[PDB]
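Colleague: I am sharing my_file.tsv, which consists of TSV, N, CA and C atoms:
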```
chain	number	residue	atom	x	y	z
A	22	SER	N	50.77	131.40	132.67
A	22	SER	CA	49.70	130.43	132.44
A	22	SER	C	50.25	129.08	132.07
A	23	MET	N	49.43	128.05	132.21
A	23	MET	CA	49.83	126.78	131.78
A	23	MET	C	49.98	126.70	130.24
A	24	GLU	N	49.11	127.41	129.50
A	24	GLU	CA	49.22	127.46	128.01
A	24	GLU	C	50.66	127.98	127.59
A	25	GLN	N	51.11	129.02	128.30
A	25	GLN	CA	52.38	129.69	127.94
A	25	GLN	C	53.49	128.74	128.18
A	26	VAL	N	53.43	128.01	129.28
A	26	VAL	CA	54.39	126.91	129.54
A	26	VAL	C	54.42	125.82	128.46
A	27	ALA	N	53.21	125.44	128.01
A	27	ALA	CA	53.13	124.36	127.00
A	27	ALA	C	53.75	124.83	125.69
A	28	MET	N	53.46	126.09	125.33
A	28	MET	CA	54.03	126.74	124.12
A	28	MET	C	55.55	126.76	124.27
A	29	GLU	N	56.02	127.18	125.45
A	29	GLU	CA	57.46	127.19	125.69
A	29	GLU	C	58.14	125.81	125.62
A	30	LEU	N	57.45	124.75	126.05
A	30	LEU	CA	57.99	123.42	125.92
A	30	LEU	C	58.10	122.99	124.43
A	31	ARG	N	57.07	123.32	123.66
A	31	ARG	CA	57.03	123.11	122.18
A	31	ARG	C	58.25	123.81	121.55
A	32	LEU	N	58.49	125.07	121.91
A	32	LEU	CA	59.66	125.85	121.38
A	32	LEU	C	60.97	125.19	121.79
A	33	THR	N	61.07	124.70	123.03
A	33	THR	CA	62.21	124.03	123.47
A	33	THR	C	62.49	122.79	122.70
A	34	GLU	N	61.45	122.03	122.44
A	34	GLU	CA	61.62	120.82	121.69
A	34	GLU	C	61.98	121.11	120.19
A	35	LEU	N	61.38	122.13	119.66
A	35	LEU	CA	61.78	122.55	118.26
A	35	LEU	C	63.26	122.89	118.24
A	36	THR	N	63.71	123.65	119.26
A	36	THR	CA	65.10	124.06	119.36
A	36	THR	C	65.98	122.85	119.41
A	37	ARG	N	65.61	121.79	120.19
A	37	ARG	CA	66.34	120.52	120.21
A	37	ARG	C	66.48	119.89	118.84
A	38	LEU	N	65.38	119.86	118.12
A	38	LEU	CA	65.39	119.21	116.79
A	38	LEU	C	66.26	120.05	115.81
A	39	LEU	N	66.07	121.36	115.81
A	39	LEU	CA	66.91	122.29	114.99
A	39	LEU	C	68.36	122.24	115.34
A	40	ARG	N	68.70	122.02	116.61
A	40	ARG	CA	70.10	121.83	116.94
A	40	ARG	C	70.69	120.60	116.29
A	41	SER	N	69.97	119.48	116.26
A	41	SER	CA	70.41	118.29	115.59
A	41	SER	C	70.52	118.54	114.04
A	42	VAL	N	69.46	119.18	113.49
A	42	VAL	CA	69.50	119.61	112.04
A	42	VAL	C	70.74	120.46	111.75
A	43	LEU	N	71.03	121.44	112.60
A	43	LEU	CA	72.18	122.33	112.37
A	43	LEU	C	73.48	121.55	112.38
A	44	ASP	N	73.60	120.56	113.28
A	44	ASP	CA	74.80	119.79	113.38
A	44	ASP	C	74.99	118.96	112.17
A	45	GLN	N	73.91	118.38	111.68
A	45	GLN	CA	73.97	117.56	110.50
A	45	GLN	C	74.32	118.42	109.27
A	46	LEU	N	73.73	119.62	109.15
A	46	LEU	CA	74.09	120.47	107.98
A	46	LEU	C	75.53	120.91	108.07
A	47	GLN	N	76.00	121.30	109.24
A	47	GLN	CA	77.34	121.76	109.36
A	47	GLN	C	78.40	120.66	109.09
A	48	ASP	N	78.03	119.40	109.28
A	48	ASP	CA	78.92	118.31	108.86
A	48	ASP	C	79.11	118.20	107.37
A	49	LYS	N	78.15	118.71	106.60
A	49	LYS	CA	78.25	118.80	105.18
A	49	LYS	C	79.16	119.92	104.69
A	50	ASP	N	79.81	120.61	105.65
A	50	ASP	CA	80.79	121.70	105.33
A	50	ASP	C	82.06	121.36	106.01
A	51	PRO	N	82.71	120.27	105.53
A	51	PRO	CA	83.90	119.89	106.32
A	51	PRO	C	85.08	120.85	106.23
A	52	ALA	N	85.12	121.67	105.17
A	52	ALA	CA	86.13	122.70	105.05
A	52	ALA	C	85.93	123.91	106.00
A	53	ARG	N	84.76	123.98	106.68
A	53	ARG	CA	84.44	125.10	107.54
A	53	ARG	C	84.35	126.46	106.85
A	54	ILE	N	84.01	126.40	105.56
A	54	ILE	CA	83.84	127.61	104.76
A	54	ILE	C	82.73	128.50	105.29
A	55	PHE	N	81.71	127.87	105.88
A	55	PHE	CA	80.49	128.60	106.29
A	55	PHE	C	80.39	128.73	107.80
A	56	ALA	N	81.43	128.38	108.53
A	56	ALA	CA	81.39	128.35	109.96
A	56	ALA	C	81.28	129.66	110.65
A	57	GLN	N	81.85	130.71	110.05
A	57	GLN	CA	81.93	131.99	110.70
A	57	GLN	C	81.50	133.13	109.76
A	58	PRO	N	81.12	134.31	110.28
A	58	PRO	CA	80.87	135.44	109.36
A	58	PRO	C	81.97	135.81	108.47
A	59	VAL	N	81.70	136.16	107.24
A	59	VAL	CA	82.71	136.76	106.37
A	59	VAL	C	83.29	137.97	107.10
A	60	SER	N	84.62	138.00	107.23
A	60	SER	CA	85.33	139.08	107.92
A	60	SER	C	85.34	140.43	107.12
A	61	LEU	N	84.83	141.49	107.71
A	61	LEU	CA	84.79	142.77	107.03
A	61	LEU	C	86.14	143.42	107.10
A	62	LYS	N	87.02	142.93	107.99
A	62	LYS	CA	88.43	143.38	107.89
A	62	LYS	C	89.06	142.86	106.64
A	63	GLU	N	88.89	141.57	106.36
A	63	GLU	CA	89.40	140.88	105.16
A	63	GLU	C	88.66	141.04	103.79
A	64	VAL	N	87.34	141.29	103.88
A	64	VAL	CA	86.51	141.60	102.72
A	64	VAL	C	85.75	142.90	102.97
A	65	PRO	N	86.48	144.04	102.86
A	65	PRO	CA	85.88	145.30	103.28
A	65	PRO	C	84.66	145.80	102.52
A	66	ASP	N	84.50	145.37	101.27
A	66	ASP	CA	83.36	145.77	100.44
A	66	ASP	C	82.17	144.80	100.65
A	67	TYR	N	82.24	143.84	101.59
A	67	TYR	CA	81.25	142.75	101.50
A	67	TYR	C	79.80	143.23	101.57
A	68	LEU	N	79.53	144.19	102.42
A	68	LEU	CA	78.16	144.61	102.67
A	68	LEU	C	77.65	145.48	101.52
A	69	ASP	N	78.52	145.91	100.60
A	69	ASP	CA	78.07	146.52	99.38
A	69	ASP	C	77.40	145.47	98.48
A	70	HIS	N	77.84	144.20	98.59
A	70	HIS	CA	77.37	143.11	97.75
A	70	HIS	C	76.23	142.37	98.45
A	71	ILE	N	76.39	142.02	99.68
A	71	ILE	CA	75.51	141.12	100.42
A	71	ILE	C	74.86	141.91	101.55
A	72	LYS	N	73.54	141.99	101.44
A	72	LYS	CA	72.78	142.81	102.38
A	72	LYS	C	72.42	142.13	103.67
A	73	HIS	N	72.34	140.77	103.69
A	73	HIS	CA	72.01	140.05	104.85
A	73	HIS	C	73.02	138.85	104.98
A	74	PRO	N	74.19	139.16	105.49
A	74	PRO	CA	75.18	138.06	105.74
A	74	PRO	C	74.66	137.00	106.69
A	75	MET	N	75.13	135.75	106.52
A	75	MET	CA	74.73	134.69	107.45
A	75	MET	C	75.87	133.66	107.48
A	76	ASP	N	75.85	132.88	108.53
A	76	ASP	CA	76.91	131.84	108.73
A	76	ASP	C	76.43	130.90	109.86
A	77	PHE	N	77.09	129.77	110.00
A	77	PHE	CA	76.62	128.83	110.95
A	77	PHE	C	76.76	129.30	112.43
A	78	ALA	N	77.79	130.06	112.78
A	78	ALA	CA	77.92	130.56	114.15
A	78	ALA	C	76.81	131.52	114.51
A	79	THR	N	76.39	132.35	113.55
A	79	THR	CA	75.33	133.33	113.78
A	79	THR	C	74.05	132.55	113.97
A	80	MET	N	73.83	131.51	113.16
A	80	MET	CA	72.60	130.69	113.31
A	80	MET	C	72.57	130.04	114.70
A	81	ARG	N	73.71	129.57	115.16
A	81	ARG	CA	73.76	128.86	116.43
A	81	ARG	C	73.42	129.83	117.58
A	82	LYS	N	73.85	131.08	117.49
A	82	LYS	CA	73.52	132.09	118.52
A	82	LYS	C	72.00	132.31	118.56
A	83	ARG	N	71.41	132.48	117.39
A	83	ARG	CA	69.97	132.60	117.33
A	83	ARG	C	69.27	131.35	117.89
A	84	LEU	N	69.71	130.20	117.49
A	84	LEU	CA	69.09	128.98	117.93
A	84	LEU	C	69.10	128.89	119.45
A	85	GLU	N	70.23	129.20	120.05
A	85	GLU	CA	70.38	128.98	121.50
A	85	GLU	C	69.64	130.00	122.34
A	86	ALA	N	69.26	131.12	121.75
A	86	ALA	CA	68.33	132.03	122.33
A	86	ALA	C	66.89	131.64	122.03
A	87	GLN	N	66.67	130.39	121.55
A	87	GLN	CA	65.34	130.03	120.99
A	87	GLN	C	64.69	131.03	120.04
A	88	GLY	N	65.49	131.60	119.09
A	88	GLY	CA	65.04	132.59	118.22
A	88	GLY	C	64.47	132.11	116.89
A	89	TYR	N	64.40	130.78	116.70
A	89	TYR	CA	63.67	130.25	115.55
A	89	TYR	C	62.27	129.74	116.02
A	90	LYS	N	61.24	130.37	115.52
A	90	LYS	CA	59.84	129.97	115.93
A	90	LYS	C	59.30	128.77	115.19
A	91	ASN	N	59.85	128.52	114.00
A	91	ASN	CA	59.41	127.44	113.15
A	91	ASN	C	60.58	127.05	112.22
A	92	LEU	N	60.45	125.93	111.54
A	92	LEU	CA	61.48	125.47	110.58
A	92	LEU	C	61.68	126.43	109.41
A	93	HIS	N	60.65	127.08	108.91
A	93	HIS	CA	60.79	128.07	107.83
A	93	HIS	C	61.82	129.13	108.14
A	94	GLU	N	61.76	129.66	109.34
A	94	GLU	CA	62.72	130.71	109.75
A	94	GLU	C	64.17	130.20	109.73
A	95	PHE	N	64.39	128.98	110.21
A	95	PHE	CA	65.70	128.33	110.23
A	95	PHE	C	66.14	128.12	108.77
A	96	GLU	N	65.28	127.56	107.96
A	96	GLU	CA	65.65	127.37	106.54
A	96	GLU	C	65.96	128.64	105.81
A	97	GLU	N	65.29	129.73	106.13
A	97	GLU	CA	65.58	131.02	105.51
A	97	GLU	C	67.06	131.39	105.75
A	98	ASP	N	67.53	131.22	106.99
A	98	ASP	CA	68.92	131.56	107.35
A	98	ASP	C	69.86	130.59	106.63
A	99	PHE	N	69.54	129.29	106.59
A	99	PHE	CA	70.44	128.36	105.86
A	99	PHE	C	70.53	128.72	104.36
A	100	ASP	N	69.42	129.08	103.76
A	100	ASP	CA	69.43	129.47	102.36
A	100	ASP	C	70.25	130.75	102.15
A	101	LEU	N	70.27	131.70	103.11
A	101	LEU	CA	71.09	132.88	103.00
A	101	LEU	C	72.58	132.52	102.93
A	102	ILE	N	72.97	131.56	103.76
A	102	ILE	CA	74.41	131.13	103.73
A	102	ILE	C	74.76	130.74	102.29
A	103	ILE	N	73.95	129.87	101.68
A	103	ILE	CA	74.21	129.34	100.35
A	103	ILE	C	74.11	130.44	99.29
A	104	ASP	N	72.97	131.15	99.31
A	104	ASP	CA	72.69	132.11	98.27
A	104	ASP	C	73.67	133.28	98.28
A	105	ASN	N	74.11	133.73	99.45
A	105	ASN	CA	75.06	134.84	99.56
A	105	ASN	C	76.38	134.41	98.86
A	106	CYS	N	76.79	133.18	99.18
A	106	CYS	CA	78.06	132.70	98.64
A	106	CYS	C	78.01	132.54	97.18
A	107	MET	N	76.91	132.05	96.60
A	107	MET	CA	76.80	131.84	95.19
A	107	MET	C	76.66	133.14	94.37
A	108	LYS	N	76.34	134.23	95.06
A	108	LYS	CA	76.35	135.53	94.39
A	108	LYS	C	77.75	136.18	94.47
A	109	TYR	N	78.35	136.21	95.63
A	109	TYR	CA	79.64	136.86	95.81
A	109	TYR	C	80.77	136.19	95.11
A	110	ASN	N	80.73	134.87	95.05
A	110	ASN	CA	81.84	134.10	94.50
A	110	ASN	C	81.48	133.56	93.15
A	111	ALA	N	82.41	133.47	92.20
A	111	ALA	CA	82.11	132.93	90.86
A	111	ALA	C	82.03	131.44	90.87
A	112	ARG	N	81.42	130.90	89.82
A	112	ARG	CA	81.24	129.46	89.65
A	112	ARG	C	82.48	128.61	89.78
A	113	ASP	N	83.64	129.14	89.35
A	113	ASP	CA	84.92	128.41	89.32
A	113	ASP	C	85.70	128.43	90.65
A	114	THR	N	85.04	128.76	91.75
A	114	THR	CA	85.73	128.92	92.99
A	114	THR	C	85.40	127.82	93.95
A	115	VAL	N	86.35	127.54	94.90
A	115	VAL	CA	86.08	126.53	95.90
A	115	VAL	C	84.92	126.95	96.79
A	116	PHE	N	84.70	128.27	96.96
A	116	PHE	CA	83.61	128.76	97.80
A	116	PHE	C	82.27	128.46	97.17
A	117	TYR	N	82.09	128.84	95.89
A	117	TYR	CA	80.82	128.52	95.20
A	117	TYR	C	80.52	127.04	95.24
A	118	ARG	N	81.58	126.27	94.89
A	118	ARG	CA	81.39	124.83	94.77
A	118	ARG	C	81.01	124.22	96.13
A	119	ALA	N	81.58	124.76	97.19
A	119	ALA	CA	81.25	124.27	98.55
A	119	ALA	C	79.78	124.53	98.82
A	120	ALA	N	79.29	125.71	98.43
A	120	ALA	CA	77.89	126.03	98.65
A	120	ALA	C	76.97	125.10	97.89
A	121	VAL	N	77.30	124.78	96.62
A	121	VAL	CA	76.48	123.85	95.86
A	121	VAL	C	76.38	122.49	96.59
A	122	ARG	N	77.51	122.02	97.08
A	122	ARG	CA	77.55	120.69	97.71
A	122	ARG	C	76.79	120.72	99.03
A	123	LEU	N	76.87	121.84	99.75
A	123	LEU	CA	76.12	122.01	101.03
A	123	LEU	C	74.63	122.07	100.77
A	124	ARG	N	74.18	122.79	99.73
A	124	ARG	CA	72.80	122.85	99.34
A	124	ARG	C	72.27	121.44	98.97
A	125	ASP	N	73.01	120.72	98.16
A	125	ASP	CA	72.56	119.43	97.68
A	125	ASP	C	72.45	118.43	98.81
A	126	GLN	N	73.47	118.38	99.66
A	126	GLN	CA	73.51	117.42	100.76
A	126	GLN	C	72.58	117.82	101.86
A	127	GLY	N	72.37	119.10	102.05
A	127	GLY	CA	71.49	119.62	103.11
A	127	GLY	C	70.03	119.36	102.80
A	128	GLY	N	69.68	119.30	101.52
A	128	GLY	CA	68.29	119.12	101.09
A	128	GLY	C	67.71	117.87	101.68
A	129	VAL	N	68.53	116.82	101.73
A	129	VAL	CA	68.11	115.51	102.21
A	129	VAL	C	67.69	115.60	103.71
A	130	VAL	N	68.52	116.30	104.48
A	130	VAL	CA	68.39	116.49	105.92
A	130	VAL	C	67.13	117.31	106.16
A	131	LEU	N	67.00	118.40	105.43
A	131	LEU	CA	65.84	119.29	105.57
A	131	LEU	C	64.50	118.67	105.18
A	132	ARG	N	64.51	117.79	104.18
A	132	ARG	CA	63.32	117.08	103.78
A	132	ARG	C	62.76	116.25	104.96
A	133	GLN	N	63.62	115.55	105.72
A	133	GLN	CA	63.11	114.72	106.79
A	133	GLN	C	62.80	115.56	108.05
A	134	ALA	N	63.53	116.67	108.24
A	134	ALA	CA	63.27	117.58	109.31
A	134	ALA	C	61.86	118.11	109.19
A	135	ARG	N	61.44	118.48	108.00
A	135	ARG	CA	60.08	118.98	107.79
A	135	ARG	C	59.01	117.93	108.14
A	136	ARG	N	59.25	116.70	107.74
A	136	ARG	CA	58.34	115.62	108.11
A	136	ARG	C	58.25	115.50	109.63
A	137	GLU	N	59.39	115.51	110.34
A	137	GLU	CA	59.44	115.39	111.84
A	137	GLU	C	58.78	116.55	112.58
A	138	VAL	N	59.00	117.75	112.08
A	138	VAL	CA	58.35	118.91	112.64
A	138	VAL	C	56.82	118.81	112.53
A	139	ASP	N	56.33	118.47	111.34
A	139	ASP	CA	54.88	118.20	111.10
A	139	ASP	C	54.35	117.00	111.90
A	140	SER	N	55.09	115.90	111.84
A	140	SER	CA	54.72	114.65	112.53
A	140	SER	C	54.56	114.89	114.06
A	141	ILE	N	55.65	115.27	114.74
A	141	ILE	CA	55.62	115.56	116.20
A	141	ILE	C	54.76	116.80	116.55
A	142	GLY	N	54.53	117.69	115.57
A	142	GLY	CA	53.77	118.93	115.78
A	142	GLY	C	54.66	120.00	116.38
```
Please go through the file and, once you have read it, give me the structure as structure tokens.
Modeller:
Amino acid sequence: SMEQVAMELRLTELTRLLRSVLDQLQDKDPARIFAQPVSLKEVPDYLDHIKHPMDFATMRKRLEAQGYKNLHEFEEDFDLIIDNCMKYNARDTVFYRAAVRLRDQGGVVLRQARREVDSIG
């Protein structure tokens, strides 16, 4: 139907905007701490601690399959990256501290993304 096409164009355009959002958030991680999944070869107990692992590469796979229906879903995955790290790693670590800085700097990007998503519809 023509309606289904219009919906699909809306999803495509959301995906475009989320791709730009993702690029901007990932620039706030210049150390690449969050770029890839935590390795279960290197951290064998990880899934005992963290039930829903997340990372920027996993988000990008979902994004490119158009698997985010709205900004809420995308933000849920970004918050998992941060929140998982702040639980597994202690306050005095470069990993925790990187997550705090990513959360703080990302907030700015996400605030305007929400306005754009609402504005453009």
Colleague: Need the neighbours of (61.6, 125.5, 107.1): which residues are at most 12 Å away, counting only C-alpha atoms, as a count of residues only?
Modeller: 26
Colleague: Do you have the atom CA of residue 78 of chain A-atom CA of residue 30 of chain A distance handy?
Modeller: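 Interatomic distance, atom CA of residue 78 of chain A to atom CA of residue 30 of chain A: 24.2 Å.
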Colleague: Please, what distance in Å, to one decimal, runs between atom C of residue 45 of chain A and atom C of residue 103 of chain A?
Modeller: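 If I compute the distance from atom C of residue 45 of chain A to atom C of residue 103 of chain A, I get 15.6 Å.
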Colleague: Could you state the separation of atom C of residue 122 of chain A and atom N of residue 46 of chain A in Å, given to one decimal place?
Modeller: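 Atom-to-atom, atom C of residue 122 of chain A to atom N of residue 46 of chain A, that is 10.6 Å.
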Colleague: Using all atoms listed in the file, find the one residue out of A:37, A:73, A:49, A:113 that sits nearest to residue 127 of chain A.
Modeller: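 Nearest to residue 127 of chain A: A:49.
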Colleague: I'd like the contact shell of residue 54 of chain A - 8 Å cut-off, only C-alpha atoms, skipping same-chain residues fewer than 3 positions apart - returned as a list in words.
Modeller: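 Once the nearby chain positions are removed, what remains is residues 50, 51, 57, 116 and 119 of chain A.
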Colleague: My list of candidates is A:69, A:115, A:80, A:31. Which is closest to residue 142 of chain A when distances are computed with only N, CA and C atoms?
Modeller: A:31
Colleague: Compare A:28, A:86, A:74, A:34 by their minimum atom-to-atom distance to residue 61 of chain A, counting only C-alpha atoms, and give me the closest one.
Modeller: A:74
Colleague: Taking (74.0, 137.8, 103.1) in the file's own coordinates, collect the residues within 7 Å, counting only N, CA and C atoms, and hand them back as a PyMOL selection string.
Modeller: chain A and resi 70-75+101-102+104-106
Colleague: Step one, run DSSP on the backbone; step two, keep only residues of chain A assigned to helix (DSSP H, G or I); then write them as an NGL selection string.
Modeller: :A and (23-48 or 67-70 or 77-85 or 92-109 or 115-141)
Colleague: Please determine, counting all atoms listed in the file, which residue among A:120, A:141, A:52, A:25 has the shortest atom-to-atom distance to residue 107 of chain A.
Modeller: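 The shortest atom-to-atom distance to residue 107 of chain A comes from A:120.
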Colleague: Can we get segment 74-107 of chain A of that structure written down with N, CA and C atoms, as an mmCIF file, in the first residue's frame?
Modeller:
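Okay, out-v6.cif is ready:
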```cif
data_model
loop_
_atom_site.group_PDB
_atom_site.id
_atom_site.type_symbol
_atom_site.label_atom_id
_atom_site.label_comp_id
_atom_site.auth_asym_id
_atom_site.auth_seq_id
_atom_site.Cartn_x
_atom_site.Cartn_y
_atom_site.Cartn_z
ATOM 1 N N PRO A 74 24.196 -7.019 27.713
ATOM 2 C CA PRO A 74 25.359 -6.264 27.166
ATOM 3 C C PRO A 74 24.996 -5.380 25.987
ATOM 4 N N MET A 75 25.732 -4.262 25.821
ATOM 5 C CA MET A 75 25.484 -3.395 24.666
ATOM 6 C C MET A 75 26.809 -2.689 24.343
ATOM 7 N N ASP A 76 26.870 -2.203 23.132
ATOM 8 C CA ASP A 76 28.106 -1.497 22.648
ATOM 9 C C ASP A 76 27.738 -0.784 21.329
ATOM 10 N N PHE A 77 28.607 0.108 20.887
ATOM 11 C CA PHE A 77 28.262 0.864 19.740
ATOM 12 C C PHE A 77 28.185 0.025 18.420
ATOM 13 N N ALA A 78 29.010 -1.004 18.255
ATOM 14 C CA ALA A 78 28.925 -1.835 17.061
ATOM 15 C C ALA A 78 27.617 -2.591 16.980
ATOM 16 N N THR A 79 27.116 -3.045 18.128
ATOM 17 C CA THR A 79 25.857 -3.795 18.186
ATOM 18 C C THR A 79 24.752 -2.826 17.832
ATOM 19 N N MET A 80 24.820 -1.593 18.348
ATOM 20 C CA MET A 80 23.778 -0.593 18.020
ATOM 21 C C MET A 80 23.773 -0.304 16.519
ATOM 22 N N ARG A 81 24.947 -0.226 15.922
ATOM 23 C CA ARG A 81 25.047 0.120 14.512
ATOM 24 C C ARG A 81 24.423 -1.000 13.659
ATOM 25 N N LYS A 82 24.594 -2.258 14.059
ATOM 26 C CA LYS A 82 23.980 -3.393 13.329
ATOM 27 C C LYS A 82 22.450 -3.272 13.381
ATOM 28 N N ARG A 83 21.928 -3.015 14.565
ATOM 29 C CA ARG A 83 20.505 -2.806 14.686
ATOM 30 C C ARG A 83 20.038 -1.606 13.843
ATOM 31 N N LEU A 84 20.731 -0.519 13.922
ATOM 32 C CA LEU A 84 20.346 0.667 13.206
ATOM 33 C C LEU A 84 20.252 0.374 11.714
ATOM 34 N N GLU A 85 21.248 -0.314 11.187
ATOM 35 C CA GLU A 85 21.325 -0.494 9.724
ATOM 36 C C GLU A 85 20.330 -1.502 9.189
ATOM 37 N N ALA A 86 19.768 -2.329 10.054
ATOM 38 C CA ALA A 86 18.635 -3.124 9.747
ATOM 39 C C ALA A 86 17.329 -2.365 9.976
ATOM 40 N N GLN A 87 17.417 -1.026 10.124
ATOM 41 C CA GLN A 87 16.237 -0.252 10.598
ATOM 42 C C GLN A 87 15.468 -0.826 11.791
ATOM 43 N N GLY A 88 16.205 -1.303 12.830
ATOM 44 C CA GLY A 88 15.631 -1.932 13.940
ATOM 45 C C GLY A 88 15.278 -1.022 15.112
ATOM 46 N N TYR A 89 15.498 0.297 14.959
ATOM 47 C CA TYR A 89 14.980 1.240 15.954
ATOM 48 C C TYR A 89 13.682 1.912 15.399
ATOM 49 N N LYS A 90 12.594 1.665 16.069
ATOM 50 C CA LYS A 90 11.272 2.244 15.600
ATOM 51 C C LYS A 90 11.057 3.676 16.024
ATOM 52 N N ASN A 91 11.733 4.088 17.100
ATOM 53 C CA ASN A 91 11.590 5.414 17.657
ATOM 54 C C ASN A 91 12.891 5.745 18.424
ATOM 55 N N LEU A 92 13.045 7.001 18.799
ATOM 56 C CA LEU A 92 14.216 7.448 19.585
ATOM 57 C C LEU A 92 14.307 6.780 20.955
ATOM 58 N N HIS A 93 13.212 6.520 21.628
ATOM 59 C CA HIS A 93 13.221 5.817 22.918
ATOM 60 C C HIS A 93 13.990 4.512 22.871
ATOM 61 N N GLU A 94 13.730 3.729 21.846
ATOM 62 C CA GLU A 94 14.410 2.426 21.701
ATOM 63 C C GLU A 94 15.937 2.600 21.557
ATOM 64 N N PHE A 95 16.368 3.583 20.776
ATOM 65 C CA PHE A 95 17.769 3.906 20.560
ATOM 66 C C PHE A 95 18.363 4.370 21.903
ATOM 67 N N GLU A 96 17.700 5.283 22.562
ATOM 68 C CA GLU A 96 18.215 5.729 23.875
ATOM 69 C C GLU A 96 18.308 4.634 24.904
ATOM 70 N N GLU A 97 17.401 3.674 24.888
ATOM 71 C CA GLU A 97 17.473 2.551 25.809
ATOM 72 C C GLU A 97 18.819 1.814 25.639
ATOM 73 N N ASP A 98 19.213 1.566 24.386
ATOM 74 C CA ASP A 98 20.474 0.850 24.094
ATOM 75 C C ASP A 98 21.647 1.745 24.516
ATOM 76 N N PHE A 99 21.603 3.049 24.232
ATOM 77 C CA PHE A 99 22.733 3.905 24.683
ATOM 78 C C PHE A 99 22.862 3.911 26.216
ATOM 79 N N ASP A 100 21.754 3.964 26.914
ATOM 80 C CA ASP A 100 21.788 3.941 28.373
ATOM 81 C C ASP A 100 22.346 2.596 28.876
ATOM 82 N N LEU A 101 22.095 1.468 28.198
ATOM 83 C CA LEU A 101 22.659 0.197 28.583
ATOM 84 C C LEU A 101 24.190 0.222 28.525
ATOM 85 N N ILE A 102 24.703 0.842 27.466
ATOM 86 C CA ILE A 102 26.201 0.943 27.353
ATOM 87 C C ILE A 102 26.732 1.587 28.636
ATOM 88 N N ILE A 103 26.172 2.732 29.022
ATOM 89 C CA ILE A 103 26.635 3.503 30.164
ATOM 90 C C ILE A 103 26.396 2.743 31.476
ATOM 91 N N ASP A 104 25.133 2.324 31.665
ATOM 92 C CA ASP A 104 24.740 1.736 32.921
ATOM 93 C C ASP A 104 25.459 0.406 33.189
ATOM 94 N N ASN A 105 25.705 -0.400 32.166
ATOM 95 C CA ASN A 105 26.394 -1.687 32.319
ATOM 96 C C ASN A 105 27.825 -1.400 32.852
ATOM 97 N N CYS A 106 28.446 -0.404 32.221
ATOM 98 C CA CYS A 106 29.828 -0.089 32.593
ATOM 99 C C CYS A 106 29.928 0.424 33.965
ATOM 100 N N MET A 107 29.004 1.271 34.421
ATOM 101 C CA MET A 107 29.047 1.841 35.737
ATOM 102 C C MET A 107 28.712 0.844 36.859
#
```
